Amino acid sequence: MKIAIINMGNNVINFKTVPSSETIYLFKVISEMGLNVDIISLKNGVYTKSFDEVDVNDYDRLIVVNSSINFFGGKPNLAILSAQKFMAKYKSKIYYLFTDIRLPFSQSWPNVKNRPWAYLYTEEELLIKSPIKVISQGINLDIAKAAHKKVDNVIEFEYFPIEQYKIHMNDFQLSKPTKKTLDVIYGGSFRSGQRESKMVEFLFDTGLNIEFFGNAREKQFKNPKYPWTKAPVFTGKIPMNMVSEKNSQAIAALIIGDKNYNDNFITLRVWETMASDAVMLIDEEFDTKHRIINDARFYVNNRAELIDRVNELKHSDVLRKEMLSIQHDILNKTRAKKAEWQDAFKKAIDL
């Protein structure tokens, strides 16, 4: 049994980019299950073998981390072109890891064929004919199917909480008490404005000391429907392996999601925040039944409630420490079901 995992549209090297990081963590967690897996990317490297140096059909299973098909600058995107070229030659079922609602599987040929540099490729090279099974991080398979309505070779849909890989890694450990220099923190990208309303509501004009780290930029928030005057402090992106330690600099860390994530997706930040030294404050809309933690104190309905909850936490170390103890305990209860999670993943990829 030999498994290959690739990221469909991003180079994989280290933890400097989120797409590369996710691919490496998945490679790592699968390896820790006792499976023989290789990451195939553009070049040979510490964690990867090159697309041009292996035979895709030497693998019994081909796992593909989702990505968009974006030819930046209208120019060829080697990551996506090489990945689909690799996928097109595979003669078995492909397992598409659907971890981001914005990234459903799609064919690149229909996009490439109308490009001026189309002559560089052919339908035979890029058209993926293998059947695809979508492993949805979201429990709602109707949303997953709707996202893939345009493609016809996707024949299977199954839910699996992929993002738990963070807490099941062999070397996982909760964050220790950390010096507090921030009231609230949130790390991520602009996500093409798919979450602008929520970001503005909970992170802007709060009067609190807030930091927004990641690839998001102040200039990106310009939708006239979600006005603001004061912004949080935007800082640069950091390696994914350091996210919980970064979150730990704040009294609290925010949990929000895209509309289609509400009561559907559990995201990496839920675990990264839960494991940090920052109290997890969740947007009520994201988890209306409080399935994450059965304690209303961890939930906020709007900006005013977030402000009040944060001040309560700063005013009472006893309360803050109690809540951290609780979220840490809840996380451990899920970590206790590691074997169950590993087995379910194996079955998801027909093993």
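Numbers follow the displayed sequence, beginning with 1. Whichever C-alpha set is largest while still superposing within 1.5 Å between the two forms counts as the rigid core.
Between 137-145 and 179-187, the larger root mean square Cα shift in 8 other deposited structures of this protein, once each structure is superposed on the rigid core, falls on 179-187. When the other structures are laid on the shown form by the rigid core, the stretch among 335-343 and 9-17 with the greater C-alpha deviation in 8 other deposited structures of this protein turns out to be 9-17.
Residue 126 is built in all of the other entries compared, counting only those with both neighbours built, so it is not a gap in a third. Compared against other deposited entries of this protein, residue 71 counts as often unmodelled, lacking coordinates in at least a third of those that resolve the residues around it. Of the two segments examined, 229-237 and 146-154, it is 146-154 that shows the higher average Cα temperature factor in the deposited entry.
Judged by mean Cα B factor in the deposited record, 333-341 ranks above the other of 333-341 and 5-13.
As recorded in the PDB entry, 55 shows the highest C-alpha B-factor of the residues 38, 285, 55, 32. Within the group 247, 175, 114, 194, the record's highest C-alpha temperature factor is found at 114.
In the PDB entry, a CA B factor belonging to the middle third of its chain's modelled residues is recorded for residue 133. Ranked within its chain, residue 72 lands in the highest third, by CA B factor from the PDB record.
When the CA B factors of the chain's modelled residues are split into thirds, the value for residue 289 lands in the highest one.
Residue-level temperature factors show residue 90 in the highest third of its chain, judged at the C-alpha atom. In the PDB entry, residue 224 places in the highest third of its chain by CA B-factor.
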